[PDB]
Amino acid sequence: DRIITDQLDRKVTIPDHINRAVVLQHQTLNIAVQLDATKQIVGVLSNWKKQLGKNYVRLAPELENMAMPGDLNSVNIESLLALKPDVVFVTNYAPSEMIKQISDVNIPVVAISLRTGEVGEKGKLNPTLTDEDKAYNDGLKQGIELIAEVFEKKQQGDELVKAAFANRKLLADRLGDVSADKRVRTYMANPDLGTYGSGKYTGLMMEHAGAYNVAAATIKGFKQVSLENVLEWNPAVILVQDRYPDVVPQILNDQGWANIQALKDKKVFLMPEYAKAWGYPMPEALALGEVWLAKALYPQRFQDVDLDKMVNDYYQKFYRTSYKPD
């Protein structure tokens, strides 16, 4: 057996090889797909299509007939035992009762947060972080490393970490003169007036591409806000996650939103599939997503940056297919 330390700082003993993992978190699932580890998985969170988007199955068709013995915050132990799993990956904020259900039937559990940060916050859905940039940078690298070790994908893990961060220098250099008063005020609109505030990767993706998350000063993590909040914030640009494409026509056809600066300016954009401004960092969101948003908002600073090729090279390497725009 092997002992690892997971992202809740739990020491976990696992078999020397894993071939029957159950992955109850979409972030770790997308990593495992990019580590070419799916033949070693036999169940996944039951809300995988919602959380990954309806087109995710294109990149991992093997997910379609995958068993679903739990989701992010619940598990069905009788369904889970029939799969004969050798490990379950859970999200960092999985309730203690759920982790205990799985530990009580002697199946190892590995909690993934993709964040370091303050120890007392490691289990919290919406953390308070004194250095969120460092916590998410180091946490994405530590997380990818951990998932790759469990699946014995070390070399591809190392390549995935190096790819995630390969463009950060370009953006730091090209956008280093953007002052706080000029940074582009941007808002992430999720279904049902949901947004992300502080302690999340969303605002980091915006910062690295010369923008600022208008909600992050007053909202903590992922919350439902009111229409009045968004009118007050009056963002210049509204972004929608690719997995929730219905949110764009919703906003565009909603008279209550019409006087917001982004509406008036026709700056309501569905982000690409790779450009995940999610509450958790994903390697493609750093590598490709931040470059997309930087080019969208400062096109005249990036004309030499062939993003189509960057995206193709990345997709052929980690998803073993081309990118397909929707």
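Numbers follow the displayed sequence, beginning with 1.
- Looking at 17-25 and 312-320 together, the entry lists the larger mean B-factor for 312-320, computed on C-alpha atoms.
- Legend: mean Cα B-factor per stretch from the PDB entry, 132-140 versus 211-219; the higher mean is in 211-219.
- When the C-alpha B factors of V109, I77, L146, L252 are read from the deposited coordinates, the top value falls at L252.
- Among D192, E152, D71, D86, the highest C-alpha B-factor recorded in the PDB entry belongs to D192.
- When the modelled residues of the chain are ordered by C-alpha B-factor, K54 sits in the highest third.
- Compared with the other modelled residues of the chain, the Cα B-factor recorded for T91 ranks in the lowest third.
- Compared with the other modelled residues of the chain, the Cα B-factor recorded for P61 ranks in the highest third.
- In the PDB entry, a CA B factor belonging to the lowest third of its chain's modelled residues is recorded for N30.
- Sort the chain's modelled residues by C-alpha temperature factor and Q101 lands in the lowest third, per the entry.
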